[PDB]
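Secondary and tertiary structure notes
What follows is the residue order along each chain.
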Amino acid sequence: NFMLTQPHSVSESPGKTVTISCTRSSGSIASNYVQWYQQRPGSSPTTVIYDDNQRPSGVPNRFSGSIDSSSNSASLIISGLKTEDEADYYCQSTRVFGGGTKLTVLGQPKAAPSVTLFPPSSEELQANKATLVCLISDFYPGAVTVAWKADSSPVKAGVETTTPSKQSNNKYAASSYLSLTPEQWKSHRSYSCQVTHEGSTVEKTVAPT
Amino acid sequence: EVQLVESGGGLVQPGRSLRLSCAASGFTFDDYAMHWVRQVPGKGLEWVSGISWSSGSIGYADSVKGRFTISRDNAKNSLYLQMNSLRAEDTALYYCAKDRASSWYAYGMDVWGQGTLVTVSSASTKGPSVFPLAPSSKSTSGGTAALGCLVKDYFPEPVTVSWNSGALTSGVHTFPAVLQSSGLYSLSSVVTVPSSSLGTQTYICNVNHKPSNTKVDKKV
Amino acid sequence: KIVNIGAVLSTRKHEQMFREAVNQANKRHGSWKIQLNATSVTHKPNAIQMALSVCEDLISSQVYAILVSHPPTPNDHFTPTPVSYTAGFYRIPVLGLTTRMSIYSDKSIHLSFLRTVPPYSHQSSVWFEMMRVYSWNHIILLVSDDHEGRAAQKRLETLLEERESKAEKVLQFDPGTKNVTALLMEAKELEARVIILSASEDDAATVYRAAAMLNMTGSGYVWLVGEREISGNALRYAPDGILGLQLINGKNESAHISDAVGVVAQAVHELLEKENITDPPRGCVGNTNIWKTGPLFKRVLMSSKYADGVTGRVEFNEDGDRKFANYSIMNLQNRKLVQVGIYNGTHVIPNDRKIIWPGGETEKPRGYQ
Amino acid sequence: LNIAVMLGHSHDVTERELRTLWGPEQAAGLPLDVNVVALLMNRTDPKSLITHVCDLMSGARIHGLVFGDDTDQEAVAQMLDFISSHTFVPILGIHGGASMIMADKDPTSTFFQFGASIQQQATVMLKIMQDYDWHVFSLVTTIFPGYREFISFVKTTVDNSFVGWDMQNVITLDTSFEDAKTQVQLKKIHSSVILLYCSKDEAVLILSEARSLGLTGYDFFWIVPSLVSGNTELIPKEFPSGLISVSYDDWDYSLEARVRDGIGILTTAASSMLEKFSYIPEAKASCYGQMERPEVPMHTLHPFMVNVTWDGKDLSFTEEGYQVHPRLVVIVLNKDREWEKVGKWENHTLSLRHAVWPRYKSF
């Protein structure tokens, strides 16, 4: 088959136009149809635009379709409006769904995330365990990409991430944990915790002892 | 109007079976095919199976094939998904959807259901473990220090963590509990204290666990 | 792999419409396997030259189904017979679009022929349901007899037997007859006053002008006519107050093609997922073997259908012609065609418009007299 | 007159010696001398059929064509009718594919067959039933096309004559009758004789199903029309002994006589037209081409081809195009798994052979 990809997140202050893409892996995007899904958090997904450029009865126009081929992709164009319509999106073509991007309206000004990396404790190595603690606090929007690398390549086995949650000052906080063994902890030279925030990457690196 | 209702799910030990139920109301039950789209917490959606308008056209996904079955009844306006031999990675919600044509080939769907919950895990309450997370080696950015306590392997939720009997509450951050593949929960609570107290001040974290009746204090 | 679906359309533009529709149908479910190509041909004069064209231009490409259509210029003097006979040899199903003659309703002659419109006999079913609501029971059936009278009258009579009420004297006449007043005179001295007319176009005009000279339409003598009886000769040869019928879509070949391929495409690939699949013969000459899977394709295509498209909801019956059609009740008022109601299914829905009966008596005339 | 005949790879495989009917002097007792040409053909495809017939039209002009084949396809007769309706050539078939009688044809056609309709076979079955005094029955019918005429005709016939028939119950088992609907439906049939009418494979399936459970008694006789067993030589093991089935004559009335009878019919019609006047109207110039308008005034030659005698035995046709005086022969099964004969038919009488049915073994 293939794999449908789209940007992780997007933000925009009310008034202007937002753009969301959905890129085909192999084959022409015009070979099969494309539809998009609207879902607010905690609710059930509902259709917003189906069959290329159409709107089901109930849609308040505004949202427009675009299957412009370009580099074998398909974009979503929405006229200038934010209101309360700002949530995740999905593009589906055939038996495959997109990665998922969310719309974050801009209120308070943005701030850079704070990332702290905690190497596994020495007492943990006694029990043949080694957990890496990466903590993220006071970031906005609550959508970041966190991954672990063994100093020359990303590693996905045993990684854990937490969904950002709303905090007291209208911000978001999260964390991340990676389970490793003491033998693998000292086998590599260093480990890094990479966090990407709206195209800005903040990374912390730790070494044994 | 048109409305889809489904329920009948819960925690199930691995290796068992289950049988959900999805019921319709309003729209004609004999004119539109239905699918079964499942989500995954944190991640995106995925496809499971589908059923024709009456019978004959049954489709299955890759991993779904053989493990689960799907059948429908046109009398009482209900949809059934029968499954067996579940695994640990099949934990997610399950949605009921109605197609637009009289077949499942178009993969289109509208008027989704309301979701349910089914999880596969070994249910066993276990006591938490508190480990001291070492701070930075006398390195600070703006005079603060990053140190805290980690509580691991407690389940069910929730747990309450305080520092030195709640004497100081400023600068602490109670991060939300996590859920790993093993089904256990863990969190780390750190305290922002001046770096001049490293080696001269003792900070003790207090952990409260109601289901396991565990209270252990650890010094970082 | 690649499957083909032929078609025999009227004009050049309709070929482009068919190609666009087939491309749209391909674009929906084309996950490898099928590609569902198309083949085209146009109507030709004569009849023998037509039956030869199918064998060397359509069957020569392994067509899974041929798609007929009514010719634009001529009348029903050239209804498509040769496609049904030639393709019927190999039991290759053919889908009809706008052919209504009630001779294809049986399978003794046309072995494999199924259309998407209730041809003419289903108009009799309306006569039952329409008669009950307006409070008249005794009827007299005045029908022609070439082939419609043997079918249109028969269907109504056998359907009315369940109520245990029998129609009065059912008279008839030869096609293209003149001075029919002698036959009509026998009907003048009778009981029922709800005379039902069902004949051909040219024939119906003869009855209308003859009945006027016998003052048979002046008051309380209601009329009921079929779709063809009113048609295009109601401008100067019709009384005031005949309640005709008209199909809601009829001559809308643009819409039907976009839905005829919507049922074939659904059913072709369902058959393709099976055990014993055999392609149809490549050439007419040199082969005399029946397509083995032909009966299977005809059965599945006849039952499932259910493609919800622009023409409504297609659902074929047990012997061909599609059921559950949307009719409309007409009326004649000062040489106009104002609507009176709507027929959806098994129930007539009236409207808010008052109607005028043959004589201006705005009431419910008593059929009994 | 250049009436032509066209057979192929049949029992009369003489070919060279096939020129025995009107090839010699034969019966030169009538005016309007006619030359007859014989052809040959192995396969019958529609394009080949049209090309052959129209080339014969374009070649030596023909006032008729006596067809006949060896396959069992049904659409051959209908294609022949379609050719006749658009060429004004009085085509009449004798044996083979162009023999199974179809429904009513187009009014302008001039296509006549030598078979017998379903009603004649039903009347023969009823005559046998009345003669052997088993006047109780119960029909079974599948979804095979044409069943409405049979049921309606037999129902009208039973209610039209006295005799004293007792119709128990009509069992119209439809659909594929895979496993379920057979057993529930076939539970009230307990008559002495059955009148099953369906396709060959369907009839075999129903007989096999009823053999195990339903009906296999010593007096549970089975009657079947000619269409099921109109070919023979493919007897299945499920067929019980005693399958009474009226069929059109095949074991007598050799093709050498049928072609002679057809040529005699055409010659007598031509002689009647010659007695009427001396026009001998033409048929057509070219079937295809740019010509589309009709040319026959009404029918050219048609009304004189009915009620025509052939110096002895006489034959007549009806408006629908059947045989008024058929020669049906009824056959039954025996211990040798081959129908030899039992009785025959006549003008309007049976004249059976065996006086009393000799209690044939069911299996």
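Residues numbered from 1 in each chain as written, not as in the entry; some residues may be left out. Chains lettered and ligands numbered in written order. Heavy atoms only, no water. Residues with missing side-chain atoms left out of burial classes, pairs and counts.

1. Thoughts on the overall build of chain B
The following threshold applies: Numbering of helices and strands runs from the N terminus, with a helix taken as a DSSP run of H or I at least four residues long and a strand as a DSSP run of E at least two residues long. Note that the radius of gyration is over C-alpha atoms, with the globule rule given as 2.2 Å times the number of residues to the power 0.38. Should any heavy atoms of two residues lie within 4.5 Å, those residues are counted as being in contact.
Counting secondary structure elements, chain B contains 0 helices and 16 strands. For 220 residues, the compact-globule estimate of 2.2 N^0.38 gives 17 Å, and the C-alpha radius of gyration of chain B, at 25 Å, exceeds that figure by more than 25%. Structurally, chain B occupies a C-alpha span of about 75 × 35 × 30 Å along its principal axes. For chain B, the proportion of contacts with a sequence separation of at least 24, taken over those separated by at least 6, is 58%.

2. Re the nonpolar core
Filter applied, for reference: We define the nonpolar core as a collection of buried residues of types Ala, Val, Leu, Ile, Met, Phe, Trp, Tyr and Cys that are connected through side-chain atoms lying within 4.5 Å of one another. Each residue is placed in one exposure class: buried if its accessible area under a 1.4 Å probe, protein chains only, is under 20% of its type's maximum, exposed if it is over 50%, and partly exposed if it falls in between.
Core analysis: the largest hydrophobic core is formed by 78 residues, its most contacted members being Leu36(C), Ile66(C), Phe297(C), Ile50(D), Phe67(D) and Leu80(D). The element that contributes the greatest number of residues to this core is helix α9 (residues 253–272) of chain C, accounting for 9 residues. Filtering out sequence-adjacent residues up to four positions away, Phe67(D) remains in contact with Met6(D), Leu49(D), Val76(D), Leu80(D), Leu92(D), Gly93(D), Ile94(D) and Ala98(D). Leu126(D), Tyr147(D), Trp165(D) and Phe221(D) belong to the second largest nonpolar core, which has 31 residues in total.

3. Examining the environment of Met216(C)
Residues and elements named next belong to chain C. Mapped onto the elements, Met216 comes out in the loop between α7 (201–213) and β11 (224–225). For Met216, a relative accessible area of 10% puts it in the buried group. Sequence separation between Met216 and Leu184 is 32 residues, and the spatial gap between their C-alpha atoms is 9.6 Å. Contact partners of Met216, with chain neighbours within four places excluded, come to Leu184, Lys188, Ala211, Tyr221 and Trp223.

4. A few points about the pairing of strand β8 (residues 101–105) of chain A
Going by this rule: A pair of strands is treated as paired once DSSP finds two or more bridges between them.
Relative to β8(A), strand β1 (residues 9–12) of chain A runs parallel, the two sharing 4 bridges. From the neighbouring strand, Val10(A) faces β8(A), where its bridge partner is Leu103(A).

5. Quick word on the UniProt feature "disulfide bond" in chain D
Residues and elements named next belong to chain D. To keep it simple, the criterion reads: Two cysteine sulfur atoms form a disulfide, by the criterion used here, when they sit within 2.5 Å. UniProt positions are given in the numbering used here, feature names are shortened, and annotations may be inferred rather than shown by experiment.
Sulfur atoms of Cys54 and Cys287, annotated by UniProt as disulfide partners, sit 2.0 Å apart, under the 2.5 Å cut-off for a formed bond. Residue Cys54 is located in helix α1 (residues 46–58), and its partner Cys287 is located in the loop between α7 (255–276) and β10 (308–309); the two are separated by 233 residues in the primary sequence. Take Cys287: its relative accessible area is 9%, and that puts it in the buried class.

6. Looking at the sheet that holds strand β2 (residues 17–25) of chain B
All names here are of chain B. Applicable threshold: Think of each axis as a best-fit line through the C-alpha atoms, taken over the contacting stretch in the case of a helix, with angles from 0 to 180 degrees between the N-to-C directions.
What the 4 strands build is an open sheet, ordered β1-β2-β7-β6; its pairing is antiparallel. Every other strand in the sheet has two partners, leaving β1 (3–7) and β6 (68–73) as the edge strands with one partner each. Within the sheet, the average angular offset between the axes of one strand and its neighbour, ignoring direction, is 15°.

7. Some points on the environment of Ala174(A)
Mapped onto the secondary structure, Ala174(A) falls in strand β15 (residues 172–180). Separated by 38 residues in the primary sequence, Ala174(A) and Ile136(A) have C-alpha atoms spaced 5.1 Å apart. Here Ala174(A) is in contact with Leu135(A), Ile136(A), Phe139(A), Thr162(A), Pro164(A) and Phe175(B), once residues within four sequence places are set aside.

8. As for the interface of chain A and chain B
Rule in force here: When residue character is reported, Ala, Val, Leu, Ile, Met, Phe, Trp, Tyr, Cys and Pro are called nonpolar, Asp, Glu, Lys and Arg charged, and the others, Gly included, polar.
Listed per partner, the contact involves 32 residues of chain A and 34 residues of chain B. Mapped onto the side of chain A that touches chain B, the elements with two or more residues apiece are β3 (35–39), β7 (88–92), β9 (114–118), α1 (122–126), β10 (130–139) and β15 of chain A. A per-element tally of the side of chain A that touches chain B places β10(A) first, with 5 residues. Residues that form the side of chain A that touches chain B fall into these classes: 13 nonpolar, 14 polar and 5 charged.

9. What to know about the packing of helix α4 (residues 123–133) of chain C against helix α5 (residues 148–160) of chain C
Residue and element names in this part refer to chain C. Note the threshold: Angles below 35 degrees are treated as roughly parallel, those above 145 as roughly antiparallel, those between 65 and 115 as roughly perpendicular, and all remaining angles as oblique. Each crossing gets its handedness from the near helix: less than a right angle anticlockwise from the far helix is left-handed, clockwise is right-handed.
Axis separation between α4 and α5 bottoms out at 8 Å; the angle between their running directions is 40°. As summarised for this structure, α4 and α5 are arranged oblique, according to the angle between their axes. Crossing angle aside, the handedness with which α4 passes α5 is right-handed. Where α4 abuts α5, its residues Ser124, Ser125, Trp127 and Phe128 lie against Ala152, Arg155, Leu156 and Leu159. Considered class by class, the residues forming the contact of α4 with α5 number 5 nonpolar, 2 polar and 1 charged.

10. As for the sheet that holds strand β16 (residues 217–219) of chain B
Note on sheets: strands pair through backbone hydrogen bonds, and any given pair is parallel or antiparallel. Residues and elements named next belong to chain B. On the basis of which strands lie adjacent, the open sheet formed by 3 strands has the order β11-β15-β16 and antiparallel pairing. Sheet topology places β11 (159–163) and β16 at the edges, where each strand pairs with a single neighbour. The average undirected angle you get between the axes of adjacent strands in this sheet is 20°. Both strand β15 (residues 204–209) and β16 contribute to a ladder of 3 bridges, which runs antiparallel. Pairing of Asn206 across the sheet is with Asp217, part of β16.

11. Let's talk about the packing of aromatic side chains
Rules: Pairing of aromatic side chains here covers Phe, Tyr and the six-membered ring of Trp, requires ring centres within 6.5 Å, and sorts the geometry by plane angle: under 30 degrees stacked, over 60 edge-to-face, intermediate tilted. The rule is short: NZ of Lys or CZ of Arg within 6 Å of the ring centre and within 35 degrees of the ring normal puts a charge over the ring.
Following the criterion strictly, the structure yields 29 aromatic pairs over all chains and no others. Aromatic side chains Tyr64(C) and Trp291(C) sit 5.8 Å apart centroid to centroid with 70° between the ring planes, which places their arrangement in the edge-to-face category. Pair noted here: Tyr64(C) is in the loop between α2 (48–58) and β5 (66–67) and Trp291(C) is in the loop between α9 and α10 (294–303), with a separation of 227 residues, a long-range link. As far as burial versus exposure is concerned, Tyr64(C) and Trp291(C) are alike and both buried. Connected via pairs of aromatic rings, a cluster forms that spans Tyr132(D), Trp134(D), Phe221(D), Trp357(D) and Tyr360(D). Positioned above the aromatic ring of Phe63(A) is the side chain of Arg62(A), whose terminal nitrogen or guanidinium carbon lies 5.6 Å from the ring centre.

12. What about unusual backbone geometry?
If a residue is not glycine, its phi is most likely negative; likewise, a peptide bond is most likely trans. With an omega dihedral of 0°, the bond running from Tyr140(A) to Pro141(A) counts as a cis peptide bond. Its place among the elements puts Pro141(A) in the loop between β10 and β11 (145–149). A cis amide bond links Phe155(B) to the next residue, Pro156(B), at an omega of -10°. Within the element layout of this structure, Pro156(B) appears in the loop between β10 (144–154) and β11. In this structure, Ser165(B) is a non-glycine residue whose phi angle is positive, near 60°. Under the relative-accessibility criterion, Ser165(B) is labelled exposed at 69%. Even without being a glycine, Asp311(D) presents a positive backbone phi close to 55°.

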